[PDB]
Number of protein chains: 2
Amino acid sequence: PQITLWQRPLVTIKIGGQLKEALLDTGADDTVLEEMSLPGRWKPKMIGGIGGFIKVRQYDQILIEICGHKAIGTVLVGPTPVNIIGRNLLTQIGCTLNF
Amino acid sequence: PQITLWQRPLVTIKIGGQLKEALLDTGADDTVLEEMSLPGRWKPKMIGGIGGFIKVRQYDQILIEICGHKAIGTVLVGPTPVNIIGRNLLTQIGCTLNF
Ligand SMILES: COC(=O)N[C@H](C(=O)NN(Cc1ccccc1)C[C@@](O)(Cc1ccccc1)C(=O)N[C@H]1c2ccccc2C[C@H]1O)C(C)C
């Protein structure tokens, strides 16, 4: 669909059988979700935001459904204020910015 | 124009007679720019992101040009790692997310 920006672009996502709300963020290189349990081994990663850096857990090849669209990619988990969908997954569902 | 997300969505902006590079961020409520001088009175404010909060100076009624389009709005100035155009200005140029 076409999403306007008068309010935060929040959509519902499905991961691990659970529904969660997440923000579509074109300014984020990666996707990071609030603390939760995911399968497999994880690797360490550092990501920087406006207030500094934070350590997160990187999980690969995770299935995640965004507004009915299925994507399979890298997902980070850590102390984030809100669940964030970044460019790595936005390109998989074919999302573009238009004006 | 239509902008793909394989790379960071950076564009050229004009403000205060100066040309700068900025990131179109749908995950940002406000617009924040690296330290610079702007006319008018300002108010202190605290904004939060990944990593924590930072203090910035808030300027109201500022004019900016984004890829030829003119927009008016509140602009925050502070120690941000990169110039960010947020929803408060993206709406004024008719920017939308599509997939
Ligand atoms: C390369 O690193 C990266 O891509 N990091 C990414 C990142 O920090 N992304 N954004 C852009 C960014 C920031 C710093 C450096 C580069 C790029 C910022 C963000 O949208 C995320 C965010 C954070 C908390 C809540 C909601 C959204 C944000 O900070 N939003 C806040 C903001 C920004 C400006 C003015 C006001 C406000 C309030 C709030 O909306 C992470 C991997 C997610």
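Quick check: convex hull of the Cα atoms in the stretch A:1-44, volume per residue, rounded to a whole Å³?
On the way: hull volume 5.1 nm³, N = 44.
In the stretch A:1-44, the Cα hull volume divided by residue count equals 115 Å³.
Overall size of the stretch B:24-99 from C-alpha positions, given as principal axis extents largest first: 35, 30, 16 Å.
The HN-Hα couplings worked out from phi for the stretch A:47-53 by the Karplus form 6.51 cos²θ - 1.76 cosθ + 1.60 (θ = phi - 60°) are 10, x, x, 6, x, x, 10 Hz, whole numbers, x standing for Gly and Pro. Dividing the helix sum by the residues of the protein assembly as shown, where each DSSP H run of 4 or more adds -39500 (n - 2.57), gives a mean residue ellipticity at 222 nm of -500 deg cm²/dmol. Placing unit charges on each Cβ (+1 for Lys and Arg, -1 for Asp and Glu) gives chain A a dipole about its Cα centre, and among A:44, A:15, A:26 the Cα reaching farthest toward its positive end belongs to A:44. DSSP beta bridges fully contained in chain A are about 85 percent antiparallel. Just how far, in whole angstrom, is the stretch A:45-99 from the stretch B:62-86 if you go by their alpha carbon centroids? So the two Cα centres are separated by 25 Å. How would you classify the stretch B:24-65 from its alpha-carbon gyration tensor, with a ≥ b ≥ c the square roots of the eigenvalues: rounded for a/c under 1.5, else prolate if a/b is greater than b/c, otherwise oblate? It comes out oblate by the Cα gyration axes. Sorted fewest first by neighbouring Cβ atoms within 10 angstrom, B:33, A:19, A:63 come out as A:19, A:63, B:33. Going from the residue with the fewest nearby Cβ atoms within 10 Å to the one with the most, A:31, A:4 rank A:4, A:31. The relative contact order of the stretch A:31-77, computed from alpha carbon pairs under 8 Å that lie at least 6 residues apart in sequence, is 39 percent. In the protein assembly as shown, the ratio of gyration radius to Kirkwood radius, Rg to Rh, stands at 0.98 when only Cα atoms are counted.
The relative contact order of the stretch B:1-89 comes to 37 percent, based on Cα pairs under 8 Å that sit 6 or more residues apart.
Note that each Cβ is placed from the backbone with ideal geometry, even for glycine, and that neighbours are counted across all protein chains shown. Values in this text are rule-based calculations from the coordinates and carry no lab data.
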